[PDB]
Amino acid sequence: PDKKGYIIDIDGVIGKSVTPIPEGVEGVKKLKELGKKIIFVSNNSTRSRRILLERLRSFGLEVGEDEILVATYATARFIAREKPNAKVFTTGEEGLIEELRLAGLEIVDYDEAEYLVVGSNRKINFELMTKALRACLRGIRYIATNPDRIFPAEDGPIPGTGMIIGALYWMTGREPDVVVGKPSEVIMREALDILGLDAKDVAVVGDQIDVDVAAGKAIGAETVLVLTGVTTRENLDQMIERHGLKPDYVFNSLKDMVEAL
């Protein structure tokens, strides 16, 4: 399982929200120590890159800007490259808006936008869905931060960004033109470019078969599933069957993966 680089999912691997998984932290540290290059990749739809940077550092990890690729930032830079200073309307929360502005984009009303940017919003309401609907029906280019349907939260499942995607699809027939987040190749090819590595020299590590393992197959990188998050020893067979994908390796935690090098 020995590679030049590692594309590492954060949630379920290194932390759970603000709480570090000690075996995941340890594993990262041992990886840096062995001189492996790492990029942390997250589908987080709502927080800016620097929040997640600051979070990893609060876990005790030594991490620079360029080692963090989060969907809010990935999405903003994808647009900006395509169309410098593009006029955008988003359904998303402050951290997405932040990354949009940080990439030089201009935030406008739904009827002036050249891009519709769909990200999750805990403040989603009828007015905001009306605006998205109207933007989508105007036929403007339509980007989504991530496809995730449901987030397994504290008190139970809650809607993810796929809720807005599904609503717009049902009403208009349009899916997004581009989905940025895992398992899309968009965020994955950005991570490779950042690493300066070919897929053949990279492994993709994560806690979800349908997100992280799918992401790795699509760029032709070897895949490692850890059992510190959504996938457990008790549901692994079920998840393999459910998603029709197998990881190249399974480890209890990132620490254990690293002990095998």
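In this text, residue numbers run from 1 along the sequence as written.
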Report task. Name the higher of the two by mean Cα B-factor in the PDB entry, 6-14 versus 248-256. Result -> 248-256
Query - Mean Cα B-factor comparison, 157-165 or 186-194, giving the higher one as deposited - result: 186-194
Query raised in the report: Per the coordinate record, which of the options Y142, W170, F151, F126 holds the highest CA temperature factor?
Result: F151
Query raised in the report: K32: which third of its chain by C-alpha temperature factor?
Result: highest
Report task. Would you mind ranking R55 by its C-alpha B-factor against the rest of the chain and naming the third, lowest, middle or highest? Result -> lowest
Query raised in the report: Of the three thirds of its chain by CA temperature factor, lowest, middle or highest, which one includes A218?
Result: highest
Requested in this report: Would you please rank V70 by its C-alpha temperature factor against the other modelled residues of its chain and give the third it falls in: lowest, middle or highest?
Outcome: lowest
**Report entry** Chain-relative CA temperature factor third for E93
**Finding:** lowest
